[PDB]
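Peer 1: File data_15.txt follows (compact mmCIF, C-alpha atoms and all ligand atoms):
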```
# COMPACT_ATOMS: atom_id res chain seq x y z
CA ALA A 1 -32.36 9.90 -8.29
CA UNK A 2 -31.25 9.13 -3.66
CA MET A 3 -33.31 12.55 -3.53
CA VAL A 4 -35.95 12.68 -6.45
CA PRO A 5 -35.44 12.08 -9.49
CA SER B 2 10.21 -26.76 -11.26
CA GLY B 3 8.19 -23.53 -11.28
CA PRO B 4 9.11 -19.86 -11.10
CA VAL B 5 11.44 -18.64 -8.37
CA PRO B 6 9.53 -17.01 -5.48
CA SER B 7 9.88 -13.33 -4.58
CA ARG B 8 9.28 -11.03 -1.59
CA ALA B 9 8.70 -7.30 -1.32
CA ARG B 10 11.89 -5.45 -0.38
CA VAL B 11 9.89 -3.12 1.92
CA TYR B 12 6.81 -3.43 4.14
CA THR B 13 6.99 -7.18 3.63
CA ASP B 14 5.05 -8.39 6.67
CA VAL B 15 2.87 -5.41 7.60
CA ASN B 16 -0.35 -7.30 6.87
CA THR B 17 0.82 -10.49 8.58
CA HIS B 18 1.34 -8.49 11.78
CA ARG B 19 -2.03 -6.76 11.55
CA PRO B 20 -5.19 -8.08 13.16
CA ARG B 21 -6.92 -10.22 10.55
CA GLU B 22 -9.81 -7.70 10.49
CA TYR B 23 -7.51 -5.18 8.80
CA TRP B 24 -7.06 -7.16 5.58
CA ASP B 25 -9.93 -9.71 5.67
CA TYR B 26 -12.17 -7.47 3.60
CA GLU B 27 -14.74 -10.20 2.86
CA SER B 28 -15.69 -10.22 6.54
CA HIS B 29 -16.09 -6.44 6.51
CA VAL B 30 -19.42 -5.06 7.74
CA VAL B 31 -20.36 -2.00 5.68
CA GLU B 32 -21.70 1.02 7.56
CA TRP B 33 -24.45 2.33 5.27
CA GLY B 34 -25.30 6.02 5.17
CA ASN B 35 -28.58 7.53 3.99
CA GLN B 36 -29.03 7.68 0.21
CA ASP B 37 -31.62 10.48 0.68
CA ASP B 38 -28.86 12.90 1.76
CA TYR B 39 -27.72 13.04 -1.87
CA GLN B 40 -29.15 14.08 -5.21
CA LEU B 41 -27.37 13.05 -8.39
CA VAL B 42 -26.79 16.06 -10.67
CA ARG B 43 -25.01 14.78 -13.80
CA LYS B 44 -22.79 11.97 -15.00
CA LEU B 45 -19.05 12.68 -14.99
CA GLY B 46 -17.77 9.50 -16.59
CA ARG B 47 -17.90 5.75 -16.83
CA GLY B 48 -15.64 2.85 -15.89
CA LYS B 49 -16.00 -0.75 -17.01
CA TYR B 50 -17.49 -1.63 -13.59
CA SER B 51 -18.68 1.79 -12.41
CA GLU B 52 -20.70 4.93 -13.14
CA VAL B 53 -19.47 8.24 -11.71
CA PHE B 54 -21.80 11.15 -10.93
CA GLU B 55 -21.51 14.65 -9.59
CA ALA B 56 -24.04 15.11 -6.79
CA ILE B 57 -25.01 17.47 -3.99
CA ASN B 58 -25.34 16.63 -0.32
CA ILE B 59 -28.65 18.32 0.48
CA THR B 60 -28.03 18.31 4.24
CA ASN B 61 -25.16 20.78 3.97
CA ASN B 62 -25.22 22.04 0.34
CA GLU B 63 -21.79 20.43 -0.35
CA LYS B 64 -20.95 19.02 -3.78
CA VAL B 65 -19.75 15.39 -3.76
CA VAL B 66 -18.81 12.66 -6.22
CA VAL B 67 -20.89 9.46 -6.29
CA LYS B 68 -19.40 6.25 -7.73
CA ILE B 69 -21.85 3.39 -8.40
CA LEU B 70 -19.99 0.06 -7.97
CA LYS B 71 -20.93 -2.86 -10.16
CA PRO B 72 -18.12 -5.45 -10.40
CA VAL B 73 -19.06 -8.95 -11.48
CA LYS B 74 -17.25 -10.36 -8.42
CA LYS B 75 -19.17 -8.99 -5.41
CA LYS B 76 -16.03 -9.47 -3.29
CA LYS B 77 -14.49 -6.38 -4.91
CA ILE B 78 -17.06 -3.99 -3.40
CA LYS B 79 -15.95 -4.74 0.16
CA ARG B 80 -12.30 -4.76 -0.98
CA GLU B 81 -12.43 -1.20 -2.33
CA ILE B 82 -14.44 -0.03 0.70
CA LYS B 83 -12.08 -1.63 3.23
CA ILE B 84 -8.98 -0.26 1.45
CA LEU B 85 -10.47 3.25 1.29
CA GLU B 86 -11.33 3.09 4.98
CA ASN B 87 -7.88 1.76 5.97
CA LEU B 88 -6.22 4.58 3.99
CA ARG B 89 -8.55 7.42 4.98
CA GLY B 90 -6.61 10.48 6.18
CA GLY B 91 -3.34 9.48 4.53
CA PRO B 92 -1.50 12.02 2.35
CA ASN B 93 -3.07 12.62 -1.06
CA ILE B 94 -5.49 9.69 -0.73
CA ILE B 95 -9.05 10.40 -1.88
CA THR B 96 -11.35 10.57 1.15
CA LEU B 97 -14.33 8.24 1.29
CA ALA B 98 -17.08 10.36 2.83
CA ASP B 99 -20.06 7.94 2.85
CA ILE B 100 -21.38 4.63 1.52
CA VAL B 101 -25.00 4.35 0.30
CA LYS B 102 -27.23 2.23 -1.97
CA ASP B 103 -29.26 3.26 -5.04
CA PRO B 104 -32.83 2.98 -3.70
CA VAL B 105 -34.10 1.42 -6.97
CA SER B 106 -31.40 -1.06 -7.99
CA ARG B 107 -29.86 -1.38 -4.50
CA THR B 108 -26.41 -0.98 -6.06
CA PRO B 109 -23.70 0.19 -3.63
CA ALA B 110 -22.34 3.69 -4.21
CA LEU B 111 -19.28 5.43 -2.75
CA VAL B 112 -19.55 9.13 -1.86
CA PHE B 113 -16.33 11.12 -2.11
CA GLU B 114 -15.58 14.60 -0.96
CA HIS B 115 -15.50 16.68 -4.10
CA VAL B 116 -12.44 17.18 -6.28
CA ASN B 117 -12.59 19.06 -9.56
CA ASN B 118 -13.07 16.72 -12.53
CA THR B 119 -9.60 17.53 -13.91
CA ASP B 120 -7.13 14.65 -14.06
CA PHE B 121 -3.36 14.73 -14.42
CA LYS B 122 -3.62 13.65 -18.08
CA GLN B 123 -5.54 16.78 -19.11
CA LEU B 124 -2.97 19.01 -17.38
CA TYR B 125 0.49 17.45 -17.60
CA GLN B 126 1.25 18.46 -21.20
CA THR B 127 1.19 22.16 -20.20
CA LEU B 128 3.18 22.07 -16.93
CA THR B 129 6.60 23.58 -16.35
CA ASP B 130 9.54 21.48 -15.19
CA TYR B 131 9.14 22.43 -11.54
CA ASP B 132 5.43 21.48 -11.48
CA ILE B 133 6.16 17.98 -12.87
CA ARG B 134 8.65 17.40 -10.04
CA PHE B 135 6.19 18.80 -7.48
CA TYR B 136 3.26 16.62 -8.51
CA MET B 137 5.46 13.54 -8.93
CA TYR B 138 6.61 14.07 -5.34
CA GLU B 139 2.96 14.36 -4.21
CA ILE B 140 2.11 11.06 -5.94
CA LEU B 141 5.09 9.46 -4.19
CA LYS B 142 3.68 10.60 -0.84
CA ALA B 143 0.46 8.74 -1.64
CA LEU B 144 2.28 5.62 -2.83
CA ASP B 145 4.68 5.36 0.12
CA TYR B 146 1.76 5.80 2.49
CA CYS B 147 -0.40 3.10 0.89
CA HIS B 148 2.58 0.76 0.51
CA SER B 149 3.44 1.29 4.20
CA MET B 150 -0.21 0.40 4.95
CA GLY B 151 0.14 -2.93 3.08
CA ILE B 152 -1.72 -1.91 -0.09
CA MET B 153 -0.67 -1.78 -3.74
CA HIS B 154 -2.77 0.43 -5.99
CA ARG B 155 -2.13 -1.57 -9.22
CA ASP B 156 -3.68 1.06 -11.55
CA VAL B 157 -1.37 4.07 -11.34
CA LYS B 158 -1.95 6.16 -14.47
CA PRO B 159 -2.67 9.83 -15.24
CA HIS B 160 -6.45 9.34 -15.37
CA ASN B 161 -6.30 8.18 -11.71
CA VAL B 162 -4.59 11.30 -10.38
CA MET B 163 -6.95 14.23 -9.79
CA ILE B 164 -5.32 17.63 -9.55
CA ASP B 165 -6.74 20.95 -8.38
CA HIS B 166 -4.01 23.00 -10.03
CA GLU B 167 -5.15 26.34 -8.57
CA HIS B 168 -4.65 25.01 -5.03
CA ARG B 169 -1.76 22.67 -5.98
CA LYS B 170 -3.44 19.69 -4.35
CA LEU B 171 -3.48 16.16 -5.69
CA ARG B 172 -5.48 13.01 -4.95
CA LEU B 173 -4.78 9.44 -6.05
CA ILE B 174 -8.17 7.92 -6.90
CA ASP B 175 -9.88 4.72 -8.15
CA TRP B 176 -8.88 2.06 -5.65
CA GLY B 177 -11.09 -0.54 -7.36
CA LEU B 178 -8.08 -2.62 -8.46
CA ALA B 179 -6.01 -2.18 -5.26
CA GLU B 180 -5.00 -5.26 -3.22
CA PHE B 181 -3.39 -6.17 0.10
CA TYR B 182 0.19 -7.36 -0.15
CA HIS B 183 0.84 -10.76 1.51
CA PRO B 184 4.22 -12.53 1.18
CA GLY B 185 4.17 -15.45 -1.25
CA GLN B 186 0.78 -14.53 -2.68
CA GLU B 187 0.25 -15.04 -6.39
CA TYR B 188 -1.89 -12.25 -7.84
CA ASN B 189 -3.84 -11.79 -11.05
CA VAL B 190 -1.66 -10.42 -13.86
CA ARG B 191 -4.70 -9.08 -15.76
CA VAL B 192 -4.68 -5.74 -13.94
CA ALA B 193 -3.70 -2.16 -14.84
CA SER B 194 -3.99 -0.53 -18.28
CA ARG B 195 -1.83 -1.91 -21.10
CA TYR B 196 0.50 1.08 -21.40
CA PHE B 197 1.37 1.01 -17.68
CA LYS B 198 1.71 -2.73 -17.15
CA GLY B 199 5.04 -3.73 -15.62
CA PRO B 200 7.08 -6.52 -17.21
CA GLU B 201 5.97 -8.95 -14.45
CA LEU B 202 2.37 -8.63 -15.68
CA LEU B 203 3.39 -9.01 -19.33
CA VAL B 204 5.51 -12.15 -18.85
CA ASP B 205 2.94 -13.53 -16.36
CA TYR B 206 4.95 -13.47 -13.10
CA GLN B 207 2.36 -13.57 -10.34
CA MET B 208 4.38 -13.08 -7.12
CA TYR B 209 4.71 -9.31 -7.53
CA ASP B 210 4.39 -6.53 -4.93
CA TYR B 211 4.34 -2.73 -4.41
CA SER B 212 7.12 -2.29 -6.98
CA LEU B 213 4.48 -2.72 -9.73
CA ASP B 214 3.25 0.79 -8.88
CA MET B 215 6.78 2.11 -9.28
CA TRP B 216 7.01 0.83 -12.87
CA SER B 217 3.69 2.54 -13.70
CA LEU B 218 4.98 5.74 -12.13
CA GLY B 219 8.05 5.50 -14.37
CA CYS B 220 5.78 5.21 -17.43
CA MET B 221 3.94 8.38 -16.43
CA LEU B 222 7.20 10.25 -15.84
CA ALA B 223 8.71 9.21 -19.18
CA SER B 224 5.52 10.36 -20.91
CA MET B 225 5.78 13.79 -19.30
CA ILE B 226 9.43 14.68 -19.57
CA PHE B 227 9.58 13.35 -23.14
CA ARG B 228 6.14 14.61 -24.28
CA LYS B 229 5.27 11.18 -25.66
CA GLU B 230 1.91 9.72 -24.70
CA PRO B 231 1.91 6.85 -23.95
CA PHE B 232 5.66 6.28 -23.78
CA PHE B 233 5.35 2.50 -24.40
CA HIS B 234 2.62 2.27 -27.06
CA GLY B 235 1.88 -1.38 -27.77
CA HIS B 236 -1.03 -2.69 -29.80
CA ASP B 237 -1.61 -5.66 -27.45
CA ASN B 238 -0.05 -7.21 -24.35
CA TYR B 239 2.60 -9.10 -26.37
CA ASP B 240 3.64 -6.09 -28.47
CA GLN B 241 3.70 -4.03 -25.25
CA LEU B 242 6.72 -6.01 -24.02
CA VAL B 243 8.33 -5.58 -27.45
CA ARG B 244 7.94 -1.80 -27.12
CA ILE B 245 9.69 -1.95 -23.74
CA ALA B 246 12.53 -4.15 -25.02
CA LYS B 247 13.22 -1.71 -27.87
CA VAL B 248 14.07 0.87 -25.15
CA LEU B 249 15.45 -1.06 -22.17
CA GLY B 250 17.14 -3.69 -24.36
CA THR B 251 16.62 -7.44 -24.44
CA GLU B 252 19.74 -8.43 -22.47
CA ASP B 253 18.24 -7.35 -19.14
CA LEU B 254 14.87 -8.82 -20.18
CA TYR B 255 16.33 -12.28 -20.57
CA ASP B 256 18.49 -11.91 -17.42
CA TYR B 257 15.23 -11.18 -15.61
CA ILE B 258 13.51 -14.22 -17.14
CA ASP B 259 16.49 -16.42 -16.28
CA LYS B 260 16.66 -15.18 -12.68
CA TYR B 261 13.06 -15.98 -11.76
CA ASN B 262 12.84 -19.04 -14.03
CA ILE B 263 9.92 -17.49 -15.91
CA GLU B 264 8.41 -19.47 -18.79
CA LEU B 265 8.09 -17.00 -21.65
CA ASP B 266 4.85 -17.50 -23.58
CA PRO B 267 5.65 -18.81 -27.11
CA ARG B 268 3.69 -15.89 -28.60
CA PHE B 269 6.75 -13.77 -27.70
CA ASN B 270 9.32 -15.97 -29.43
CA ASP B 271 8.75 -14.67 -32.98
CA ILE B 272 8.47 -10.94 -32.11
CA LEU B 273 11.16 -10.08 -29.51
CA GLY B 274 14.50 -10.72 -31.23
CA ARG B 275 17.50 -8.75 -29.94
CA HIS B 276 17.62 -5.05 -29.03
CA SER B 277 20.35 -2.92 -27.50
CA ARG B 278 19.53 -0.65 -24.59
CA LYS B 279 18.78 2.83 -25.88
CA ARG B 280 20.34 5.60 -23.84
CA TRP B 281 17.65 7.90 -22.43
CA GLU B 282 19.17 10.93 -24.21
CA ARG B 283 17.93 9.47 -27.52
CA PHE B 284 14.38 10.69 -26.67
CA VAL B 285 15.32 14.32 -26.01
CA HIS B 286 14.43 16.93 -28.64
CA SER B 287 13.86 20.68 -28.85
CA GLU B 288 10.24 20.50 -27.68
CA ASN B 289 10.95 18.58 -24.46
CA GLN B 290 14.52 19.53 -23.47
CA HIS B 291 13.23 22.08 -20.94
CA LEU B 292 11.73 19.11 -19.05
CA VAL B 293 14.82 16.85 -19.28
CA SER B 294 17.83 17.04 -16.92
CA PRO B 295 20.55 14.62 -15.75
CA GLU B 296 18.63 14.02 -12.52
CA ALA B 297 15.39 13.24 -14.38
CA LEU B 298 17.12 10.67 -16.59
CA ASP B 299 18.91 9.05 -13.66
CA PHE B 300 15.66 8.92 -11.68
CA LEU B 301 13.74 7.55 -14.66
CA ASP B 302 16.42 4.92 -15.25
CA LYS B 303 16.03 3.64 -11.68
CA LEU B 304 12.27 3.31 -11.94
CA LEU B 305 12.11 1.52 -15.32
CA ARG B 306 13.89 -1.76 -14.52
CA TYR B 307 12.69 -5.21 -15.58
CA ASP B 308 13.58 -6.76 -12.22
CA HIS B 309 10.88 -5.51 -9.85
CA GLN B 310 13.32 -5.95 -6.93
CA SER B 311 15.82 -3.53 -8.54
CA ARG B 312 13.34 -0.64 -8.85
CA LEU B 313 13.44 2.25 -6.42
CA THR B 314 10.91 2.06 -3.63
CA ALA B 315 8.58 5.03 -3.18
CA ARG B 316 10.62 6.06 -0.13
CA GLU B 317 13.99 5.68 -1.90
CA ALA B 318 12.50 7.66 -4.80
CA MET B 319 11.61 10.62 -2.54
CA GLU B 320 15.32 10.90 -1.54
CA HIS B 321 16.47 11.18 -5.18
CA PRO B 322 18.25 14.43 -6.20
CA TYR B 323 15.51 14.99 -8.78
CA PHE B 324 13.39 16.26 -5.87
CA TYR B 325 16.06 18.30 -4.01
CA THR B 326 14.51 21.65 -4.92
CA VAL B 327 10.98 20.47 -4.11
CA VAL B 328 12.16 19.11 -0.76
CA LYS B 329 13.97 22.37 0.15
CA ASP B 330 11.10 24.59 -0.97
CA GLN B 331 8.66 22.41 1.00
CA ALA B 332 10.18 23.31 4.41
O1 LIG A 401 -11.98 6.78 -6.42
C1 LIG A 401 -12.61 7.08 -7.45
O2 LIG A 401 -12.96 6.29 -8.36
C2 LIG A 401 -12.98 8.55 -7.70
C3 LIG A 401 -12.77 9.56 -6.76
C4 LIG A 401 -13.14 10.87 -7.07
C5 LIG A 401 -13.71 11.14 -8.30
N1 LIG A 401 -13.93 10.19 -9.22
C6 LIG A 401 -13.58 8.95 -8.91
NA NA A 402 -18.07 -7.35 -1.36
```
Would it be possible to restate this file's structure as structure tokens?
Ligand SMILES: O=C(O)c1cccnc1
Ligand code: NA

Peer 2:
Amino acid sequence: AXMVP
Amino acid sequence: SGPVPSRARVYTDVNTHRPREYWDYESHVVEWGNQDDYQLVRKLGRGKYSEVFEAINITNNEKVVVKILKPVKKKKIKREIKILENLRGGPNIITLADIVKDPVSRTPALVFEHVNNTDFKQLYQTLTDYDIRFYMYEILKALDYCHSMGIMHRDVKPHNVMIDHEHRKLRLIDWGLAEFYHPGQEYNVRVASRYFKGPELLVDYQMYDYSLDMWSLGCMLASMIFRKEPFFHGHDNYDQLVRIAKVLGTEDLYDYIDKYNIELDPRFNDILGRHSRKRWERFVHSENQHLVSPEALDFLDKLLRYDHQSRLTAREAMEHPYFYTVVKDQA
């Protein structure tokens, strides 16, 4: 979550 | 006939004399950063219109704070962004570092340079007398700056002051309720948290100004020097004014109402009655007397006035003798 995750 | 109009005593026309671009936040064009620079790490807390996360900037290994904005009125996203950008670099103002969008929901998110998740409320019941004066002075720096830039914060409370106590640095945060001051403008009175609402909000007087922040600051100060949290502890907005009148007295409340020709809501009529002004010394006891001095009570008395025009400005407040030692030690 922006960059994974 | 209507209520009597009112003007700010200071910084009255700063926005009028600005280019319209400065305060016309709805026309603001957002400069979007790259959401892929950041990785959310964990949630730090939740507002009614926001989610706050700790995150890392992967391009430079810096920790940051990410605030997801989700107001019902879309207008408020650009308002907070434009206020943060107008204030960036000012003393003790949180620094907006970037603006990105959640790639999935496309919700706007503000990226702040990191401050430790420790607010003034978690800290201010264990501070010495000198530290209360120091941090109050630092808050005043932030308020005089934003007032001089045409902006009222409108949500000054301990949870919106972040303090790194080890480094003795302080940041005034959460500008989601802040507004531009314009002479003659009638603002929404449903702002701020109940315990910190000034009398103008409680009696529904809309033509208020920067002085609203000075009432809230007085509520914080009273809470600290008296060790009573919150100092005015109402059960709803109507009882909140009753709590204030039991301390400041009803004589000056009704003089205020008479002066501005304010129509008092009939819900007040059965619950106010008559109260004498209580002298501030009545709240001193053995467990707070080390925080209470003549200068603190005089300073407090000049912040907590019904008439918003009678309250000290942030600049006048910084010249008060309560801060004489902090001002000398600062140079
Ligand atoms: O302005 C904010 O809401 C903010 C700033 C830093 C940390 N948490 C929130
Ligand atoms: Na907007």

Peer 1: Please extract the residues at most 9 Å from ligand NA 402 (chain A), counting all atoms listed in the file, and provide them as a PyMOL selection string, using the chain letters and residue numbers of this document.

Peer 2: chain B and resi 26-29+74-82

Peer 1: Take the residues from that selection and put them in a file with C-alpha atoms, as a PDB file, keeping the file's coordinate frame.

Peer 2:
```pdb
ATOM      1  CA  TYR B  26     -12.170  -7.470   3.600  1.00  0.00           C
ATOM      2  CA  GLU B  27     -14.740 -10.200   2.860  1.00  0.00           C
ATOM      3  CA  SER B  28     -15.690 -10.220   6.540  1.00  0.00           C
ATOM      4  CA  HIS B  29     -16.090  -6.440   6.510  1.00  0.00           C
ATOM      5  CA  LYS B  74     -17.250 -10.360  -8.420  1.00  0.00           C
ATOM      6  CA  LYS B  75     -19.170  -8.990  -5.410  1.00  0.00           C
ATOM      7  CA  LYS B  76     -16.030  -9.470  -3.290  1.00  0.00           C
ATOM      8  CA  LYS B  77     -14.490  -6.380  -4.910  1.00  0.00           C
ATOM      9  CA  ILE B  78     -17.060  -3.990  -3.400  1.00  0.00           C
ATOM     10  CA  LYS B  79     -15.950  -4.740   0.160  1.00  0.00           C
ATOM     11  CA  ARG B  80     -12.300  -4.760  -0.980  1.00  0.00           C
ATOM     12  CA  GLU B  81     -12.430  -1.200  -2.330  1.00  0.00           C
ATOM     13  CA  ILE B  82     -14.440  -0.030   0.700  1.00  0.00           C
TER      14      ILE B  82
END
```

Peer 1: Residues of chain B that approach ligand LIG 401 (chain A) to 10 Å or less, counting all atoms listed in the file: could you list each one with the shortest pair of atoms and its distance in Å to one decimal, rows by chain and increasing residue number, as a tab-separated table?

Peer 2:
```
residue	atom	partner	partner_atom	distance
B:45	CA	A:LIG401	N1	8.1
B:46	CA	A:LIG401	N1	8.3
B:47	CA	A:LIG401	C6	9.6
B:48	CA	A:LIG401	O2	8.7
B:51	CA	A:LIG401	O2	8.3
B:52	CA	A:LIG401	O2	9.2
B:53	CA	A:LIG401	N1	6.4
B:54	CA	A:LIG401	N1	8.1
B:55	CA	A:LIG401	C5	8.7
B:65	CA	A:LIG401	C4	8.7
B:66	CA	A:LIG401	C5	5.7
B:67	CA	A:LIG401	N1	7.6
B:68	CA	A:LIG401	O2	6.5
B:69	CA	A:LIG401	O2	9.4
B:70	CA	A:LIG401	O2	9.4
B:81	CA	A:LIG401	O1	9.0
B:85	CA	A:LIG401	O1	8.6
B:94	CA	A:LIG401	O1	9.1
B:95	CA	A:LIG401	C3	6.2
B:96	CA	A:LIG401	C3	8.1
B:97	CA	A:LIG401	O1	8.2
B:111	CA	A:LIG401	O1	8.3
B:112	CA	A:LIG401	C3	8.4
B:113	CA	A:LIG401	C4	5.9
B:114	CA	A:LIG401	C4	7.6
B:115	CA	A:LIG401	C4	6.9
B:116	CA	A:LIG401	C4	6.4
B:117	CA	A:LIG401	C5	8.1
B:118	CA	A:LIG401	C5	7.0
B:119	CA	A:LIG401	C5	9.4
B:120	CA	A:LIG401	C5	9.4
B:160	CA	A:LIG401	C6	9.6
B:161	CA	A:LIG401	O2	7.7
B:162	CA	A:LIG401	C3	9.1
B:163	CA	A:LIG401	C4	7.6
B:172	CA	A:LIG401	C4	8.2
B:173	CA	A:LIG401	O1	7.7
B:174	CA	A:LIG401	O1	4.0
B:175	CA	A:LIG401	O1	3.4
B:176	CA	A:LIG401	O1	5.7
B:177	CA	A:LIG401	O2	7.2
```

Peer 1: The selected residues should be written to file as a PDB file, in the frame of the given file (atoms: C-alpha atoms).

Peer 2:
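What landed in again_21.pdb:
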```
ATOM      1  CA  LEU B  45     -19.050  12.680 -14.990  1.00  0.00           C
ATOM      2  CA  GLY B  46     -17.770   9.500 -16.590  1.00  0.00           C
ATOM      3  CA  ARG B  47     -17.900   5.750 -16.830  1.00  0.00           C
ATOM      4  CA  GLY B  48     -15.640   2.850 -15.890  1.00  0.00           C
ATOM      5  CA  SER B  51     -18.680   1.790 -12.410  1.00  0.00           C
ATOM      6  CA  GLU B  52     -20.700   4.930 -13.140  1.00  0.00           C
ATOM      7  CA  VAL B  53     -19.470   8.240 -11.710  1.00  0.00           C
ATOM      8  CA  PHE B  54     -21.800  11.150 -10.930  1.00  0.00           C
ATOM      9  CA  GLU B  55     -21.510  14.650  -9.590  1.00  0.00           C
ATOM     10  CA  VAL B  65     -19.750  15.390  -3.760  1.00  0.00           C
ATOM     11  CA  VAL B  66     -18.810  12.660  -6.220  1.00  0.00           C
ATOM     12  CA  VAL B  67     -20.890   9.460  -6.290  1.00  0.00           C
ATOM     13  CA  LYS B  68     -19.400   6.250  -7.730  1.00  0.00           C
ATOM     14  CA  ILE B  69     -21.850   3.390  -8.400  1.00  0.00           C
ATOM     15  CA  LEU B  70     -19.990   0.060  -7.970  1.00  0.00           C
ATOM     16  CA  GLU B  81     -12.430  -1.200  -2.330  1.00  0.00           C
ATOM     17  CA  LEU B  85     -10.470   3.250   1.290  1.00  0.00           C
ATOM     18  CA  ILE B  94      -5.490   9.690  -0.730  1.00  0.00           C
ATOM     19  CA  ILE B  95      -9.050  10.400  -1.880  1.00  0.00           C
ATOM     20  CA  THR B  96     -11.350  10.570   1.150  1.00  0.00           C
ATOM     21  CA  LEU B  97     -14.330   8.240   1.290  1.00  0.00           C
ATOM     22  CA  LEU B 111     -19.280   5.430  -2.750  1.00  0.00           C
ATOM     23  CA  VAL B 112     -19.550   9.130  -1.860  1.00  0.00           C
ATOM     24  CA  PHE B 113     -16.330  11.120  -2.110  1.00  0.00           C
ATOM     25  CA  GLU B 114     -15.580  14.600  -0.960  1.00  0.00           C
ATOM     26  CA  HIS B 115     -15.500  16.680  -4.100  1.00  0.00           C
ATOM     27  CA  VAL B 116     -12.440  17.180  -6.280  1.00  0.00           C
ATOM     28  CA  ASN B 117     -12.590  19.060  -9.560  1.00  0.00           C
ATOM     29  CA  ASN B 118     -13.070  16.720 -12.530  1.00  0.00           C
ATOM     30  CA  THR B 119      -9.600  17.530 -13.910  1.00  0.00           C
ATOM     31  CA  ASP B 120      -7.130  14.650 -14.060  1.00  0.00           C
ATOM     32  CA  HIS B 160      -6.450   9.340 -15.370  1.00  0.00           C
ATOM     33  CA  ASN B 161      -6.300   8.180 -11.710  1.00  0.00           C
ATOM     34  CA  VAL B 162      -4.590  11.300 -10.380  1.00  0.00           C
ATOM     35  CA  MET B 163      -6.950  14.230  -9.790  1.00  0.00           C
ATOM     36  CA  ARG B 172      -5.480  13.010  -4.950  1.00  0.00           C
ATOM     37  CA  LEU B 173      -4.780   9.440  -6.050  1.00  0.00           C
ATOM     38  CA  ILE B 174      -8.170   7.920  -6.900  1.00  0.00           C
ATOM     39  CA  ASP B 175      -9.880   4.720  -8.150  1.00  0.00           C
ATOM     40  CA  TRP B 176      -8.880   2.060  -5.650  1.00  0.00           C
ATOM     41  CA  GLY B 177     -11.090  -0.540  -7.360  1.00  0.00           C
TER      42      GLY B 177
END
```

Peer 1: Skip residue 7 in chain B itself and residues of its chain fewer than 6 positions away, then list as a ChimeraX atom specification all residues within 12 Å of it, counting only C-alpha atoms.

Peer 2: /B:13,183-187,201,206-212,260-262,308-310

Peer 1: Check every residue of chain B for an atom within 7 Å of chain A, counting all atoms listed in the file, and provide those that qualify as a list in words.

Peer 2: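 Only these qualify: residues 36, 37, 38, 39, 40, 41, 103 and 104 of chain B.
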
Peer 1: Report the distance between CA of residue 145 in chain B and CA of residue 6 in chain B in Å, rounded to one decimal place.

Peer 2: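 It comes out at 23.6 Å.
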
Peer 1: Figure out the distance between CA of residue 306 in chain B and CA of residue 91 in chain B, please, to one decimal in Å.

Peer 2: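 Straight-line distance from CA of residue 91 in chain B to CA of residue 306 in chain B works out to 28.0 Å.
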
Peer 1: Take CA of residue 196 in chain B and CA of residue 277 in chain B and report the distance between them in Å, one decimal.

Peer 2: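 CA of residue 196 in chain B sits 21.1 Å away from CA of residue 277 in chain B.
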
Peer 1: For residue 92 in chain B, find every residue with an atom within 10 Å (counting all atoms listed in the file), except residues of its own chain fewer than 3 positions away, and show them as an MDAnalysis selection string.

Peer 2: chainID B and resid 88:89 95 139:147 171:173

Peer 1: For residue 316 in chain B, which of B:215, B:273, B:193, B:152 is the closest residue, counting only C-alpha atoms?

Peer 2: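 Using only C-alpha atoms, residue 316 in chain B sits closest to B:215.
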
Peer 1: For residue 25 in chain B, which residue among B:318, B:246, B:263, B:84 is the nearest when counting only C-alpha atoms?

Peer 2: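 With only C-alpha atoms as the atom set, the closest residue is B:84.
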
Peer 1: Of the candidates B:21, B:169, B:228, B:234, which one gets nearest to residue 125 in chain B if we count all atoms listed in the file?

Peer 2: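 Smallest distance to residue 125 in chain B is found for B:228.
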